[PDB]
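Remarks on the structure that follows.
As a convention, Cβ positions derive from the backbone with ideal geometry for all residues, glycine included, and neighbour counts pool all protein chains shown. Basis: the model, the stated rules and, where named, an outside source; no laboratory instrument gave them.
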Amino acid sequence: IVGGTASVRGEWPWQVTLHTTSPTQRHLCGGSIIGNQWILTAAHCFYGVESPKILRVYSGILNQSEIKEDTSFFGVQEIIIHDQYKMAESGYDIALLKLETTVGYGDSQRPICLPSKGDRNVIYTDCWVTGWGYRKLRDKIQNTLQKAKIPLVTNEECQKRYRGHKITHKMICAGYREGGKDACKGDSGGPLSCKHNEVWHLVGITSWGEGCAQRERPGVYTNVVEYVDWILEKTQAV
Ligand SMILES: COC(=O)Nc1ccc(-c2[nH]c([C@H](CC(=O)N3CCOCC3)NC(=O)/C=C/c3cc(Cl)ccc3-n3cnnn3)nc2Cl)cc1
């Protein structure tokens, strides 16, 4: 997160830190709890990941120092990547991780509400990008979960800012025309949470951008309202 501040413990209880074991343990991506055995993250997070066996989900974490050999986690039973996903810059940069065990909801961890089918009509003023990502393009993973308020940008305006790209309606952009606040290396997969009618909704998944918080370069997210059916099809399998 560029131009953010430290979170208060329990602010984003749906927020998780997805770690890899191969070769060494280290943070891989962000993610969101959407069900008692479901985490929604970015499909690009599993580039090169050959087995769910090397993954660990840590919920109820404010600081990365909280993760030690004795820290409890969730094992990944299954990695479900959107089967139309080729690359972040094309879209379908969404994946589900089915956990081996049940997340027990409490004061440190709970799910985030997905956008409703009728929520496509609403305008979001209160949106926030969260992660343990870099504060700048050449940095390191942050210990304390940063938070940043970013305005949502139109498809038309985002398309103007990304000449040479193809900004689909399956994509959602957020940025200040002058930059300063955005997501960065280490934040992907993580949420773009919007508070509407005093309820937080998972409006986006941190995906890609050209550099970090550059003027006239909004960060691009997976427009989650366009994937509610896929998420339900994959989480609600008979
Ligand atoms: C000790 O542990 C560690 O050090 N762990 C560690 C873990 C992961 C990373 C890391 N993560 C990423 C991914 C892309 C990726 O993982 N890949 C690999 C797979 O193919 C796609 C790229 N991008 C993002 O997360 C966000 C992009 C972004 C998003 C928005 Cl909204 C706006 C601007 C954005 N940025 C434009 N440039 N930087 N950020 N790159 C790096 Cl490098 C670095 C370190």
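Points worth noting:
- When residues of segment 159-184 are limited to those that are surrounded by 16 or more Cβ atoms within 10 Å (Cβ to Cβ) and charged (D, E, K, R), the one farthest from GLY3 (Cα to Cα): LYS170
- Exclusive hit being under 26 Å from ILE1 (Cβ atoms) and either within 16 Å of the ligand (Cβ to nearest atom) or more than 17 Å from the chain's Cα centre (by Cα) (or both), set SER90, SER116: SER90
- Scan of segment 123-158 for residues that are among the aliphatic types (A, V, I, L, M), surrounded by 13 or more Cβ atoms within 10 Å (Cβ to Cβ) and away from the ligand (no atom under 13 Å from the Cβ), ordered by number: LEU145
- Cβ pairs under 9 Å, 6+ apart, first in segment 224-238 and closer than 20 Å to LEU152 by Cβ, second surrounded by fewer than 16 Cβ atoms within 10 Å (Cβ to Cβ): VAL225/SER116; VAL225/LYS117; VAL225/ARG120; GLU226/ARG120; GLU226/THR168; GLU226/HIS169; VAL228/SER116; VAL228/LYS117
- So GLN84, is it more than 16 Å from the chain's Cα centre (by Cα), in a strand (DSSP E or B) and not assigned by CATH to the domain that holds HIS165: no
- Exactly one residue among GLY10, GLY30, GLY48 is of a type outside the set (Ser, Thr, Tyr), out of contact with any strand residue (DSSP E or B) (no Cβ under 9 Å at 6 or more places or on another chain) and within 12 Å of the ligand (Cβ to nearest atom), and that residue is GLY48.
- Residue in segment 4-17 that is in contact (Cβ under 8 Å) with a residue 60 or more places away in the chain, surrounded by 14 or more Cβ atoms within 10 Å (Cβ to Cβ) and in contact with a helix residue (DSSP H, G or I) (Cβ under 8 Å, 6 or more places away or on another chain) present: yes
- So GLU198, is it loosely packed, with under 13 Cβ neighbours inside 10 Å and away from the ligand (no atom under 13 Å from the Cβ): yes
- Per the conditions (1) over 28 Å from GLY175 (Cβ atoms); (2) free of Cβ contacts under 8 Å to residues at least 40 places away in the same chain; (3) not polar (S, T, N, Q), the sole criterion not satisfied by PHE73 is (2).
- All positions within segment 115-135 that are in a loop (DSSP other than H, G, I, E, B) and either in contact with a strand residue (DSSP E or B) (Cβ under 9 Å, 6 or more places away or on another chain) or hydroxyl-bearing (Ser, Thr, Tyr) (or both): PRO115, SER116, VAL122, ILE123, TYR124, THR125, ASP126, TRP132, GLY133, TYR134, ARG135
- Residue satisfying all of: in segment 18-63; closer than 21 Å to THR144 by Cβ and among the charged types (D, E, K, R); surrounded by the most Cβ atoms within 10 Å (Cβ to Cβ) among these: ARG56
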